[PDB]
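Chemist: One structure, as structure tokens, below. Some questions next.
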Amino acid sequence: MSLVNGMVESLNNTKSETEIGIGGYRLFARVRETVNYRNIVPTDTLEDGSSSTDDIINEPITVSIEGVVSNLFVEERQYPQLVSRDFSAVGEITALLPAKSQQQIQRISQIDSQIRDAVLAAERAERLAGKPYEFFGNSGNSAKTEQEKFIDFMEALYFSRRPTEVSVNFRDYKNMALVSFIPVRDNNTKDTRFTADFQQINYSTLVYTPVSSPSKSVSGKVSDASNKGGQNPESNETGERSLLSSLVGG
Amino acid sequence: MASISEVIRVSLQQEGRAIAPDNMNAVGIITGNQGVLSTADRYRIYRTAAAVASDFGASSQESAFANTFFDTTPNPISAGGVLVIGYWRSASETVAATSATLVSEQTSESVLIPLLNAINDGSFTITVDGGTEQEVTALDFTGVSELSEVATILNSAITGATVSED
Amino acid sequence: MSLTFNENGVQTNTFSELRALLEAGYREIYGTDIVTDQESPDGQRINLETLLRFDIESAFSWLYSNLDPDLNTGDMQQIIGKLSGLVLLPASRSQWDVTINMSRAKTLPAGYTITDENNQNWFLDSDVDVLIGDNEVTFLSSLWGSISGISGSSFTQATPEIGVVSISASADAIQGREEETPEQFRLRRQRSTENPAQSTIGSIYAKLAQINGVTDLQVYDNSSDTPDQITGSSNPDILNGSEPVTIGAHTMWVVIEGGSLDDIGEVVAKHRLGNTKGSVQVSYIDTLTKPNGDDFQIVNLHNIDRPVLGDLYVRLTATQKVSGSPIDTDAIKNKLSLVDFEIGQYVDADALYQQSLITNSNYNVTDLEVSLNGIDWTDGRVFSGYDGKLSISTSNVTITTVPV
Amino acid sequence: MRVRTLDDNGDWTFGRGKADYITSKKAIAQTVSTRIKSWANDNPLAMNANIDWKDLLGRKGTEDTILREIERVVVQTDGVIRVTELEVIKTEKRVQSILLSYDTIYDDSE
Amino acid sequence: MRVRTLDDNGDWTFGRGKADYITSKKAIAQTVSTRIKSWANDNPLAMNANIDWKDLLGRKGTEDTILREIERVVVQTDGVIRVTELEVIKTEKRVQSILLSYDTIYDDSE
Amino acid sequence: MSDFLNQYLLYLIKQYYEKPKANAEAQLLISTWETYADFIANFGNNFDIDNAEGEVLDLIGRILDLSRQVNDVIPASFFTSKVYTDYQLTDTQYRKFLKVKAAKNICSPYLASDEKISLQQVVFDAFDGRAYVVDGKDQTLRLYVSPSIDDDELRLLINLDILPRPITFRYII
């Protein structure tokens, strides 16, 4: 659409110095590295001669990285990858919540300790959404060689079915989805030569949102009224608990 | 109140980049009006209309010429150039009597202060109006953080004259 | 007096007070005498912010205003009404007992619809068990309310099983109950505020007033060891008392009308703790398992009384007052008639004035009184009779106008 | 675009409504000037408000990324076109001062 | 996740219901500790319960696969994130002792 | 600087937390909203039968059908906030009557009812723990009380039927 949008959101992905790799796994070597900007320009000669422009439909950028992984990779000059902070309680806003007695508070404490064990994993996952490497983490076991680590990380990313962030030099694209990962092992080199095509998952906001990206502490707070479909509760079986004894009388 | 400012400050450019007429495009406008450029101040260097105004006033014809200068779209300062206002004595300049001055060496403020802060006692010999030799024997320079402060100390020390840093 | 929840109630500051508070703050922070205040940009701004805050404060004022059974008027009325276990009575389909007569007696499922005098459907949920003779079934109106009809043969043979012959029923209707309006609910709740109390003098009233057909009620108790006295009662209005009765000691007494005998008996047998006095003999049965694992039916028989309805006579004089603006007696009669009277309540001159006035009244009242036997008025109260409900018929409400 | 002016020290201004508002070409100036100053994970209502300072002035070797992020913030500003920015001193003690120059959408009317 | 605590020697605990249950971060500890100890073709209700010991301590040259399978069991545990494990002694008589360290889902709240 | 003000000021971005005018203005908005927050928090504190005086008490009366008008005379609780007529109730008495009324609203003819709330429990915490109900013979309901209640009050409650009473009642001295 606008020509102004071009430079504006062309710089919207700035590559940090730390050089995230395929998502934090930089322990290989990039033999080749390509991106494919494509466009659909409708073919036939456009209709008016005055204003019938705005006909270059954009396309999902793909990024192809072929490299090699060896047992012993020595990285030349790159800064450490540091664990991102847990900035979830930045807006956390208590102290308006009710005054409730002890062991009414502590009952809530036990409930919180009870379902934090079941939610905190996915909470960390969403905190570390772009970058899977420090989610899965350094393998940490001395038995698995480096090619172990590359293969098991790649399989974890691939089965994860979550988009990752991929850095070609000069850009750290934010939501790349692993499209194709082909590791090859010649019988004349113990390394693994792998080609990985990613495809950006670009998605814009249709609806009025005053806040671009809030904290977890207000993300639901500023959410607009979400919609779920209908359903016939009278015709459910998986939870057809009887009427509570406290209600039949009342 | 520990401000954000002490980890980042963002202000407006203040001095006119303080460059010198090195390239070919160092063009001049010669006035003859002894308003601000008297003899021994024969020239002043500018790179914007507003500065010429502030030294010359949008009323004086010199600022008018600067205005019609910088208004040219590919003007000299767009290709490594400066404007400079000269001064030829049109008629009977009267140079007001001055007072004796003493401009010191270019001191970087990163070396003068560390050397000063160790100097407990002071020691000067100065003379003003050829009077009796004045000796200054106590200048506790220890508590000094910028040249303005040593300037104030010297101002308090040298009787019969004023000390400034610039 | 800004938003003080004090003994005086809630005192939410007025809009002008909130604007003054915000303007004073802005003035101290920024400018002592300088910043503009009204009909001006910054002023309209201040207005918007105060509008938000005063929205919230008026919500506070309303919330406390609806902590009051005499002013609630809405959902908040029922929320305050759940503070005892009572809610508004639900609209009830009107019943209609009719005679059908089918050539065969297999089965009748839901569908039927009759009496096209009105666009009505009166369906059922049960079979027929007798031959072409006039066997009776009950239909429920398709309109929840005080629906009724008169004996007309205008049935819409919706999907008849055989369609034998017309089903004209004998004339008797159960009106059915239109959903309880909040106005009734206010008085019922405030009167029945002892609902969750399970068989105390107020429990009987509160749990009898829930009955599908009851209209007017009173409860009595004789807590003394001495007979022929009344101490506890549904309304405090009669505690004033000192008027004769014929009851026994350690005895309750219900006066009730319109409830089904079955349900009235249900409540009285579940909620009595002593002797009961009455004429009508309500009943209850209960299925209890013996510890040997058997079955049997106790019958709980208890006596209650239905009020002897009566009349009431009112001595009223009206002073119409604008030269040539005569009173309308008919309107006064039709108003003073429409006063609902509780069971055996003291009718006194003292309240009837408020009902002796209509919305635009040109007449004053200067000599009003009440009497029981059409004569012999007494300047204050007069007693109805502990088991006597009263009305004011258009016939006996006498009004005497004085010209001016 | 209008925006409330800030005084010299940068505190807010109330009063003189519709007159404490910067009109243009200076509204862009103010808005860039304090878009640079907006630490990233500060605002719970915009956690990517602007460039991340606690994670760029606290780590060695970010000068290039400081400059790239400043160019990102400035260019993505309603009213600017180009930039021309680099570093002028070299951490005279350890503080480096960078020079940032941008062409607003004004002064291009010829 | 709750789980019944085991006492020092590792026998079961009954009594003190809702109190002999390990709450968390220790429930993960207990559950990994005795997931390692679950021989594979033991349980007729889970014949691939955990790693196969009768076919890994009875065959020469499995140390790498012992370690890989221990990492498999630990990582596939409800509550752990990473591991950091290797061998610390070298079969001091013939028993090798390996050191296993894992980061539970806790202690990552910053 | 209480919790409300502090946690809300974090929504001031850090260009504006330290500029005195801006911080003062944000604190002004937060404070004006904070008085509402405090009001909501203290509604519970200041509403119930305990910490209630004047009109709210009367409100409670009309929600429990007990006006301060008992039409009877009781001596004064001579141990200013509010004064009424002689034949009404000073606040504290009317408070604790409303507590008794609240009890008798949820009465039941059982002294140790395991399913529903008993008479004994509710009359006992009606008087905050200075009452004791034991039945009699001709359905008498003997009622022991602590000596911290004058005979006038209790004889009045029995003479107005505010104590919980299914059919019969009495007291003891």
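No value in this document is a laboratory result; all are computed from the given coordinates. No Cβ is skipped: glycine too gets one built from the backbone with ideal geometry, and neighbour counts run over all protein chains shown.
Chemist: Could you look through segment F:156-173, keep only residues that are hydrophobic (A, V, I, L, M, F, W, C) and surrounded by 14 or more Cβ atoms within 10 Å (Cβ to Cβ), and pick out the one that is nearest to the other protein chains (Cβ to nearest Cβ)?
Modeler: Let us first name the residues in segment F:156-173 that are hydrophobic (A, V, I, L, M, F, W, C), namely F:156-158, F:160, F:162-163, F:167, F:169, F:172-173.
Pick out the ones that are also surrounded by 14 or more Cβ atoms within 10 Å (Cβ to Cβ) and you get F:156-158, F:160, F:162-163, F:167, F:169.
On the way: F:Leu156: 13, F:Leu157: 13, F:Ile158: 10, F:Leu160: 8, F:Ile162: 11, F:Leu163: 10, F:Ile167: 4, F:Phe169: 6 Å.
If we take residues in segment F:156-173 being hydrophobic (A, V, I, L, M, F, W, C) and surrounded by 14 or more Cβ atoms within 10 Å (Cβ to Cβ), then F:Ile167 is nearest to the other protein chains (Cβ to nearest Cβ).
Chemist: Of all residues in segment A:143-183, count the ones that are touching a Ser or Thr at 6+ places or on another chain (Cβ under 9 Å) and hydroxyl-bearing (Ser, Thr, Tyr).
Modeler: 3
Chemist: Okay, next question. Got a number for residues in segment C:25-45 being in a loop (DSSP other than H, G, I, E, B) and within 7 Å of another protein chain (Cβ to nearest Cβ)?
Modeler: 6
Chemist: Pick from segment B:143-166 the residues that are hydroxyl-bearing (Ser, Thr, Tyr) and in contact with a helix residue (DSSP H, G or I) (Cβ under 8 Å, 6 or more places away or on another chain): which of them is nearest to B:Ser110 (Cα to Cα)?
Modeler: It comes out as B:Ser145.
Chemist: State whether one or more residues within segment C:73-93 are farther than 25 Å from C:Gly202 by Cα and part of a strand (DSSP E or B).
Modeler: Yes, some residue in segment C:73-93 is farther than 25 Å from C:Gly202 by Cα and part of a strand (DSSP E or B).
Chemist: How many of the residues in segment C:179-194 are at the interface with chain F (Cβ under 10 Å from one of its Cβ atoms) and touching a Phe, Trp or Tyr at 6+ places or on another chain (Cβ under 9 Å)?
Modeler: 3
Chemist: Of everything in segment B:50-68, what is buried (at least 18 other Cβ atoms within 10 Å of the Cβ) and under 26 Å from D:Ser109 (Cβ atoms)? Give them in sequence order. Step through it out loud before you land on a result.
Modeler: Applying the first criterion (buried (at least 18 other Cβ atoms within 10 Å of the Cβ)) to segment B:50-68 yields B:52-53, B:56, B:62-63, B:66.
Hits for segment B:50-68 are B:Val52, B:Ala53, B:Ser63, B:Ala66.
Chemist: Can you find even one residue in segment E:65-78 that is among the polar types (S, T, N, Q) and in a helix (DSSP H, G or I)?
Modeler: Yes, segment E:65-78 contains at least one residue that is among the polar types (S, T, N, Q) and in a helix (DSSP H, G or I).
Chemist: What are the residue pairs meeting all of these: first residue in segment A:86-101, first residue at the interface with chain D (Cβ under 8 Å from one of its Cβ atoms), second residue part of a loop (DSSP other than H, G, I, E, B), Cβ atoms under 6 Å, and 6 or more apart or on different chains?
Modeler: A:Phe87/D:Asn41; A:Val90/A:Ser215; A:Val90/D:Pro44; A:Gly91/A:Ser215; A:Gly91/D:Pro44
Chemist: Given the condition within 10 Å of chain C (Cβ to nearest Cβ), in a loop (DSSP other than H, G, I, E, B) and surrounded by fewer than 13 Cβ atoms within 10 Å (Cβ to Cβ), answer yes or no: does some residue in segment F:137-155 qualify?
Modeler: Yes - at least one qualifying residue is present in segment F:137-155.
Chemist: Cβ-Cβ distance below 7 Å, separation of 6 or more or different chains: which pairs start in segment C:368-388 with a residue that is among the acidic types (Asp, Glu) and end on one that is part of a loop (DSSP other than H, G, I, E, B)?
Modeler: C:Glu369/C:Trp377; C:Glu369/C:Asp379; C:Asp387/C:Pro307; C:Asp387/C:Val308; C:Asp387/C:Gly344
Chemist: Moving to a separate point now. Considering only segment C:365-392, how many residues are in a loop (DSSP other than H, G, I, E, B), in contact with a helix residue (DSSP H, G or I) (Cβ under 9 Å, 6 or more places away or on another chain) and under 27 Å from C:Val255 (Cα atoms)?
Modeler: Residues in segment C:365-392 being in a loop (DSSP other than H, G, I, E, B), in contact with a helix residue (DSSP H, G or I) (Cβ under 9 Å, 6 or more places away or on another chain) and under 27 Å from C:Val255 (Cα atoms): 5 in total.
Chemist: Tell me which residues, restricted to segment D:41-66, are more than 7 Å from every other protein chain (Cβ to nearest Cβ), in contact with a helix residue (DSSP H, G or I) (Cβ under 8 Å, 6 or more places away or on another chain) and farther than 14 Å from A:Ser84 by Cβ.
Modeler: Listed by number, the residues that qualify are D:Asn50, D:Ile51.
Chemist: Just one of C:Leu48, C:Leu89, C:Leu22 is facing another protein chain (nearest Cβ under 10 Å) and either under 30 Å from F:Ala22 (Cα atoms) or not β-branched (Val, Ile, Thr) (or both); which is it?
Modeler: Answer to the check: C:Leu22.
Chemist: Give the residue that is farthest from the other protein chains (Cβ to nearest Cβ), with candidates limited to residues of segment A:4-26 that are among the aliphatic types (A, V, I, L, M) and surrounded by fewer than 19 Cβ atoms within 10 Å (Cβ to Cβ).
Modeler: Of all residues in segment A:4-26, those among the aliphatic types (A, V, I, L, M) come to A:4, A:7-8, A:11, A:20, A:22.
With the extra rule that they be surrounded by fewer than 19 Cβ atoms within 10 Å (Cβ to Cβ), the set shrinks to A:4, A:7-8, A:11.
On the way: A:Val4: 9, A:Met7: 6, A:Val8: 5, A:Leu11: 5 Å.
Filtering first and then ranking leaves A:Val4.
Chemist: Which residue, of C:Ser233, C:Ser279, C:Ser203, C:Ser242, is small (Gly, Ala, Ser), away from chain F (no Cβ under 14 Å) and on the phi < 0 side of the Ramachandran plot?
Modeler: Among C:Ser233, C:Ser279, C:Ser203, C:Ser242, only C:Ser279 is small (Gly, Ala, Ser), away from chain F (no Cβ under 14 Å) and on the phi < 0 side of the Ramachandran plot.
Chemist: Another question, if that's okay. Pick from segment F:6-29 the residues that are under 22 Å from D:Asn41 (Cβ atoms) and in a helix (DSSP H, G or I): which of them is farthest from the other protein chains (Cβ to nearest Cβ)?
Modeler: Filtering first and then ranking leaves F:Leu9.
Chemist: Sort out which residues of segment E:68-89 are within 12 Å of the chain's Cα centre (by Cα), aliphatic (A, V, I, L, M) and more than 16 Å from A:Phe153 (Cβ to Cβ), and write them in order of number.
Modeler: E:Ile70, E:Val73, E:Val74, E:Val80
Chemist: Quick one: which of F:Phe43, F:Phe78, F:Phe124, F:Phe39 is more than 13 Å from chain C (Cβ to nearest Cβ) and either surrounded by 17 or more Cβ atoms within 10 Å (Cβ to Cβ) or part of a helix (DSSP H, G or I) (or both)? Lay out the reasoning, then the answer.
Modeler: Details: F:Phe43 fails: more than 13 Å from chain C (Cβ to nearest Cβ); F:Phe78 fails: either surrounded by 17 or more Cβ atoms within 10 Å (Cβ to Cβ) or part of a helix (DSSP H, G or I) (or both); F:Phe39 fails: more than 13 Å from chain C (Cβ to nearest Cβ).
Matching residue, one of F:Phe43, F:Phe78, F:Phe124, F:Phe39: F:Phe124.
Chemist: Across segment C:25-41, which residue is surrounded by the most Cβ atoms within 10 Å (Cβ to Cβ) among those that are under 16 Å from F:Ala22 (Cα atoms) and out of contact with any helix residue (DSSP H, G or I) (no Cβ under 8 Å at 6 or more places or on another chain)?
Modeler: Here the residue is C:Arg27.
Chemist: Can you name the residue in segment D:19-64 that is acidic (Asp, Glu) and assigned to a loop (DSSP other than H, G, I, E, B) and, of all such residues, is farthest from C:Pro41 (Cα to Cα)?
Modeler: In the first step, residues of segment D:19-64 are kept if they are acidic (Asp, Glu); the result is D:20, D:42, D:52, D:55, D:63-64.
After this cut, where a residue has to be assigned to a loop (DSSP other than H, G, I, E, B) as well, the list is D:20, D:42, D:52, D:55.
Numbers: D:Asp20: 10, D:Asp42: 30, D:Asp52: 36, D:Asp55: 41 Å.
Filtering first and then ranking leaves D:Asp55.
Chemist: Could I ask something else about it? Which residues, taken from segment A:40-95, are hydrophobic (A, V, I, L, M, F, W, C) and assigned to a strand (DSSP E or B)?
Modeler: Answer for segment A:40-95, where residues must be hydrophobic (A, V, I, L, M, F, W, C) and assigned to a strand (DSSP E or B): A:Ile40, A:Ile57, A:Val63, A:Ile65, A:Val68, A:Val69.
Chemist: Right, something else. Scan segment A:181-197 and give yes if some residue there is of a type outside the set (A, V, I, L, M), closer than 30 Å to A:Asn5 by Cβ and surrounded by 13 or more Cβ atoms within 10 Å (Cβ to Cβ), otherwise no.
Modeler: Checked against the condition, which is being of a type outside the set (A, V, I, L, M), closer than 30 Å to A:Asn5 by Cβ and surrounded by 13 or more Cβ atoms within 10 Å (Cβ to Cβ), segment A:181-197 yields at least one hit.
Chemist: (1) within 14 Å of chain D (Cβ to nearest Cβ); (2) surrounded by 11 or more Cβ atoms within 10 Å (Cβ to Cβ): which one isn't true of A:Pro80, the others all being true?
Modeler: All conditions are met except number (2).
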